[PDB]
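All remarks here apply to the structure that follows.
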Amino acid sequence: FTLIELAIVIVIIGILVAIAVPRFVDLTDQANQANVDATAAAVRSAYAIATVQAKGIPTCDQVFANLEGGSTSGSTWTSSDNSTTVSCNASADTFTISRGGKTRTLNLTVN
Amino acid sequence: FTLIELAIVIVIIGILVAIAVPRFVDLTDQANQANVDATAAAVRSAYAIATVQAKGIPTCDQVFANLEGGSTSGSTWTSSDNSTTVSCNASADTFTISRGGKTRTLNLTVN
Amino acid sequence: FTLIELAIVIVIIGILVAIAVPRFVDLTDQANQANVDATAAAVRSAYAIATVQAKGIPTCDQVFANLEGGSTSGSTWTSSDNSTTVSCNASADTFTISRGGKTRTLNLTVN
Amino acid sequence: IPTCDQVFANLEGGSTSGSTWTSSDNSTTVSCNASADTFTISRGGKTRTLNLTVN
Ligand SMILES: *[C@H]1O[C@H](CO)[C@H](O)[C@H](O[C@H]2O[C@H](CO)[C@H](O)[C@H](O[C@H]3O[C@H](CO)[C@@H](O[C@]4(C(=O)O)C[C@H](O)[C@H](NC(C)=N)[C@H]([C@@H](NC(C)=O)[C@H](C)O)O4)[C@H](O)[C@@H]3O)[C@H]2NC(C)=O)[C@H]1NC(C)=O
Ligand SMILES: *[C@H]1O[C@H](CO)[C@H](O)[C@H](O[C@H]2O[C@H](CO)[C@H](O)[C@H](O[C@H]3O[C@H](CO)[C@@H](O[C@]4(C(=O)O)C[C@H](O)[C@H](NC(C)=N)[C@H]([C@@H](NC(C)=O)[C@H](C)O)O4)[C@H](O)[C@@H]3O)[C@H]2NC(C)=O)[C@H]1NC(C)=O
Ligand SMILES: *[C@H]1O[C@H](CO)[C@H](O)[C@H](O[C@H]2O[C@H](CO)[C@H](O)[C@H](O[C@H]3O[C@H](CO)[C@@H](O[C@]4(C(=O)O)C[C@H](O)[C@H](NC(C)=N)[C@H]([C@@H](NC(C)=O)[C@H](C)O)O4)[C@H](O)[C@@H]3O)[C@H]2NC(C)=O)[C@H]1NC(C)=O
Ligand SMILES: *[C@H]1O[C@H](CO)[C@H](O)[C@H](O[C@H]2O[C@H](CO)[C@H](O)[C@H](O[C@H]3O[C@H](CO)[C@@H](O[C@]4(C(=O)O)C[C@H](O)[C@H](NC(C)=N)[C@H]([C@@H](NC(C)=O)[C@H](C)O)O4)[C@H](O)[C@@H]3O)[C@H]2NC(C)=O)[C@H]1NC(C)=O
Ligand SMILES: [Mg+2]
Ligand SMILES: [Mg+2]
Ligand SMILES: [Mg+2]
Ligand SMILES: [Mg+2]
């Protein structure tokens, strides 16, 4: 390369640097909260559907039977990507929904 | 970097900019209205259930006992995320449901 | 940005596009039908309650006195969001319930 | 269902003249055919079509 071309390069490098560039940000807290909230809405609907199926107060299993996005092991349901959990305390008439420390609780009577 | 690579970069930057990009929009008015409406539906059902429990006209507390998503302090119920409110005027036979300035009123006889 | 970063961006844009995305659909016909049907159920109950209050065949006004979700101007009742209408033809012993072109008719004797 | 103008109101990088939006550097175009429930996006002969119901 000629000295002129190198001089031009030395100029242009200095100008294509000293742009702004975005930071990466750990937005997983906000996303986890929305996941927990959307899951809580789904649990309420799944419970409501279960009260028709049960013709009365539903069992914990009847509620989780109506959730699509995951699998269940006795008294708990887990999203297929394992981070979101739902669980009953059937004696405490309560569902807890949680993901990455974000959490929500539904006080729905269940057996 | 060579001058050719910088020239190519100067071209491509100018083309990956001058896309469209969406505006963020404060859609909280539309969402607040839907929250107030969904809550109003819940209050009507909670009231209807309360008329069976009460075997007659229900008390303001008997109505709020049938709402899941929050807590009550005398004559008012508040969503667990505190922005949605329901309140009785038991002398005025009225429930008011409100959130972020969006509001609805139910004229249900209560004591 | 380097040419490599722009190349990576050109690849990833092409893959985050060419997802599926849902269509918006005007489901207002199905929702309007359900509104008309739910309102028709309410009119039947309001009429039945009115036959006890009247100790006989009720007046058109005695029937609408038992409906919560709206207001009345002589011989018609309108939802507080004005789109759903109920009206008597007291000479034709008929109530018509309608919303957005969806309609239902109840042949209940009234005066 | 939104109008063609309500859709373009939400795009930042350009301007609109009835039924079309154009990037501020004028080469990228978007246009509605509101009767055909379609948006066409194009630039320098490269093109894409979205079948979204609009009025
Ligand atoms: C929901 O299903 C999913 C998959 O479908 C998953 O498997 C979940 O976990 C379970 O998975 C297995 C069963 O399918 C595990 O074995 C386990 O079962 C649980 O139940 C066992 C029998 O009730 C229990 O065993 C005990 C016992 O039999 O008494 C309880 C104690 O561990 C006990 N130990 C002591 C010291 N008291 C013995 C123990 N003995 C000794 C000396 O250590 C055994 C014989 O070694 O075992 C299991 O311990 C277990 O609770 C279960 N996973 C767990 C919790 O490990 C399934 N349900 C859920 C949500 O757990
Ligand atoms: C519903 O429950 C939730 C939580 O479960 C929440 O706590 C709500 O608010 C209340 O919370 C506390 C009680 O649990 C507060 O103390 C408060 O109580 C209300 O009732 C008090 C007694 O009736 C009342 O006190 C008065 C009084 O005793 O007369 C009323 C006046 O304030 C009065 N002042 C004057 C000048 N007349 C006195 C006052 N005196 C002076 C000289 O200032 C006191 C002695 O300092 O107090 C309280 O004022 C209060 O109304 C209540 N929160 C509020 C409203 O602050 C609970 N209910 C709801 C919805 O409020
Ligand atoms: C139910 O209540 C709600 C609110 O509570 C709502 O107001 C409804 O609509 C009514 O609202 C007003 C009354 O509160 C309106 O004035 C109107 O009243 C109706 O009754 C009037 C008197 O009976 C009637 O006026 C007439 C008349 O007096 O004869 C009838 C004719 O219009 C007549 N015109 C002619 C050419 N014959 C005259 C007219 N004269 C001329 C030369 O034009 C007048 C003097 O200008 O008026 C009204 O016309 C009206 O029917 C009523 N709203 C309407 C229908 O406009 C209330 N009831 C319902 C459901 O309507
Ligand atoms: C979107 O906005 C941007 C800027 O905000 C841009 O301006 C776009 O282009 C338009 O810009 C002007 C209007 O703001 C132009 O005038 C033009 O307007 C269009 O509408 C005119 C009236 O509807 C139209 O005129 C007509 C007519 O009035 O009938 C249609 C024919 O041209 C007609 N000719 C004949 C032979 N039938 C007459 C013509 N008569 C003769 C004898 O020639 C006139 C009187 O000379 O004119 C215009 O022709 C035009 O369509 C519009 N730019 C264009 C298309 O030229 C704006 N909208 C878009 C996207 O176009
Ligand atoms: Mg139980
Ligand atoms: Mg009372
Ligand atoms: Mg009659
Ligand atoms: Mg159309």
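Indexing begins at 1, ligand by ligand and atom by atom, following the structure's order. A note on names: the letters A, B, ... follow the listed sequences, proteins ahead of strands, and every chain is numbered from 1.
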Under 3.5 Å, which donor-acceptor pairs do the side chains of residues 44-51 of chain C form with other protein atoms, sequence neighbours left out?
from, atom 1, to, atom 2, distance (Å)
C:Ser45, OG, C:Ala41, O, 3.4
C:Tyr47, OH, C:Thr109, O, 2.7
C:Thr51, OG1, C:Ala48, O, 2.7

### Task
Measure across B:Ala92 and B:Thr94 and return the closest heavy-atom pair with its distance rounded to 0.1 Å.
O-OG1, 2.8 Å
### Query
Would you call C:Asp81 and B:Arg104 a salt bridge, using N to O less than 4.0 angstrom?
yes
### Task
Inspect the contact between C:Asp29 and C:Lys102 and indicate whether a charged nitrogen and a carboxylate oxygen are less than 4.0 angstrom apart.
no
Throw together a table of side-chain donor-acceptor distances under 3.5 angstrom for residues 67-77 of chain A, partners on residues two or more places apart or in other chains.
from, atom 1, to, atom 2, distance (Å)
A:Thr72, OG1, A:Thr76, O, 2.7
A:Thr76, OG1, A:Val86, O, 2.8

### Message
Tell me the closest heavy-atom pair linking A:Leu16 and B:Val9, and the distance in Å.
### Response
CD1-CG1, 4.1 Å
For ligand 2, list every N/O pair with the protein closer than 3.5 Å, one pair per line with the distance.
from, atom 1, to, atom 2, distance (Å)
ligand 2, 2 (O), B:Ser73, OG, 2.4
ligand 2, 58 (N), B:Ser73, OG, 2.9

### Query
What are the two closest heavy atoms between B:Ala18 and B:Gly14, and how far apart are they?
CB-O, 4.3 Å
### Task
Measuring from the Mg ion (ligand 7), count protein N/O/S atoms under 2.8 Å, please.
1
### Query
Taking C-beta and beyond as the side chain, do D:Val54 and D:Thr3 meet within less than 4.5 Å on heavy atoms?
no
### Query
Where do B:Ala40 and B:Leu106 come nearest, in terms of heavy atoms and distance?
O-CD1, 3.8 Å
